[PDB]
Amino acid sequence: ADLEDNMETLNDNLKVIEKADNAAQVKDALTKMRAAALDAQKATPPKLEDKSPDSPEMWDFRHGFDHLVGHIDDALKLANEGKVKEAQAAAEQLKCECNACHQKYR
Ligand code: HEC
Ligand SMILES: [Fe+3]
C-alpha cells in the first residue's frame, strides 16, 4: 500500500487498541500496525520525493520505522503474555514517536 494508506492504518489501529477489551484484540491490531510500519518504510515521503534514495533524510525516515517497530515489538510481547493494560499504554504512547517523525518529514 502507499504511504498515506499505511499511515491511516497506524492511526486507525491505535483507535482499535484504545477501546479494545482483551489482549487478543490488542495483539491483532499491533500486528497490523507492525506490517503497515514496515510497508511505509518502503515508500518515499512526498517531501523527500526528489532526494536520493540513499540521502541522510531518507535513511532517518526509514530508521524511524525500525525504531517504531522495536517499540511495537515489546508492546506485542506484553499483549502476547496477557498484559492488556500495559500493551494499551505502550501502544497509545507510540504517538510520541509518530509525532517526532511527522515534525521532520510529514
Ligand atoms: C516517519 C518514520 C513516520 C512515523 C514513525 C510515523 N509517521 Fe505518520 N507520516 C509520516 C509522513 C512522511 C507522512 C506524510 C504522508 C504523505 O503522503 O503526505 C505521514 C502522515 C500521517 C498521517 C496523514 C495520512 C494522510 O491521509 O495523509 C497520519 C494519520 C499519520 N501519519 C499517522 C501516524 C501514526 C498514528 C503513527 C504512529 C503509529 C505514525 N504516523 C508514525 C511519517 C511517519
Ligand atoms: Fe526492545
Side-chain angles (χ1 to χ4, degrees), residues 1-14 16-18 20-94 96-106:
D2 53 37
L3 190 52
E4 318 81 69
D5 296 335
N6 283 321
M7 288 293 156
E8 285 293 291
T9 294
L10 300 172
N11 183 247
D12 295 340
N13 275 280
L14 228 43
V16 166
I17 291 168
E18 170 161 46
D21 287 331
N22 68 0
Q25 288 164 16
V26 184
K27 182 202 196 187
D28 305 323
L30 290 168
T31 296
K32 299 178 192 164
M33 285 181 85
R34 187 189 208 269
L38 291 161
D39 192 48
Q41 185 181 50
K42 292 147 86 125
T44 304
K47 266 159 201 195
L48 308 182
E49 62 203 308
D50 296 298
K51 279 171 184 279
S52 67
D54 211 32
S55 61
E57 296 79 17
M58 275 304 291
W59 278 115
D60 184 55
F61 175 77
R62 296 194 188 91
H63 167 80
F65 296 101
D66 291 320
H67 177 254
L68 189 78
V69 157
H71 286 304
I72 294 178
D73 276 342
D74 295 322
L76 258 176
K77 187 180 175 305
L78 283 163
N80 280 5
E81 304 192 47
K83 314 303 179 198
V84 49
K85 177 205 176 206
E86 288 82 8
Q88 279 183 310
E92 179 66 12
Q93 298 330 299
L94 294 173
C96 191
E97 277 90 12
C98 315
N99 295 340
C101 177
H102 291 164
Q103 284 317 313
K104 296 183 297 196
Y105 304 117
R106 179 169 168 182

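Quick note: numbers below take in every heavy atom, side chains included, and nothing from hydrogens, waters or symmetry partners. Starting from 1, each residue takes its place in the sequence as its number.
When atom types are taken as modelled, the side chain of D60 and the backbone of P56 share no donor-acceptor pair closer than 3.5 angstrom. At distances below 3.5 Å, not a single donor-acceptor pair connects side-chain atoms of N80 with backbone N or O atoms of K27. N13 places no side-chain N or O within donor-acceptor distance of the main-chain N or O of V16, the cut-off being under 3.5 Å. Under a 3.5 Å cut-off, the side chain of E92 and the backbone N or O of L14 do not form any donor-acceptor pair.
The hydrophobic clustering, which links ILVMFWY residues whose side-chain heavy atoms are closer than 4.5 Å, places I17 and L94 together. Cluster membership check: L76 does not share its hydrophobic cluster with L78, using side-chain heavy-atom separations under 4.5 Å among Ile, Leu, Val, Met, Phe, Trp and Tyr. If you chain together hydrophobic residues whose side chains sit under 4.5 Å apart, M58 and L3 fall into the same group. Criterion: ILVMFWY side-chain heavy atoms under 4.5 Å apart, direct or through other members. Under it, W59 and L68 are not part of a common hydrophobic cluster.
Considering only residues two or more places apart in sequence or on other chains, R106 meets the side chain to side chain contact (heavy atoms under 4.5 Å, CB included) condition with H102.
Residue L10 holds its CG atom at 6.5 Å from CD1 of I72, rounded to the nearest 0.5 Å. The NE2 atom of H71 lies 9.0 Å from the SG atom of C96; values are rounded to the nearest 0.5 Å. Between the CD atom in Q103 and the CG atom in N99 there is a gap of 7.0 Å [rounded to 0.5 Å]. Between the CG atom of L38 and the CG atom of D66 there is a distance of 7.0 Å, given to the nearest 0.5 Å. Separation of atoms CG (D50) and OG1 (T44) is listed at 10.0 Å; rounding is to 0.5 Å. Interatomic distance, CD of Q88 versus CD of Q25, reported as 9.0 Å (0.5 Å rounding).
Here the shortest heavy-atom pairing between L30 and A91 reads CD2-CB, 4.0 Å. Across every non-hydrogen atom of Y105 and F61, the tightest pair is CE1-N, 4.0 Å. Of all the heavy atoms in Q93 and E97, the pair that sits closest is O-OE1, 3.6 Å. Closest heavy-atom contact between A37 and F65: O-CD2, 3.3 Å. Minimum interatomic distance between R62 and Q41 (heavy atoms only, all atoms of both residues): O-NE2, 2.8 Å. Heavy-atom minimum distance, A87 versus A75: CB-O, 3.5 Å.
Residue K104 qualifies as enclosed at atom NZ: its count of foreign heavy atoms under 6.0 Å is above 12.
In this structure, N11 and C98 have side chains that are not in contact, with every pair of non-hydrogen atoms separated by 4.5 Å or more.
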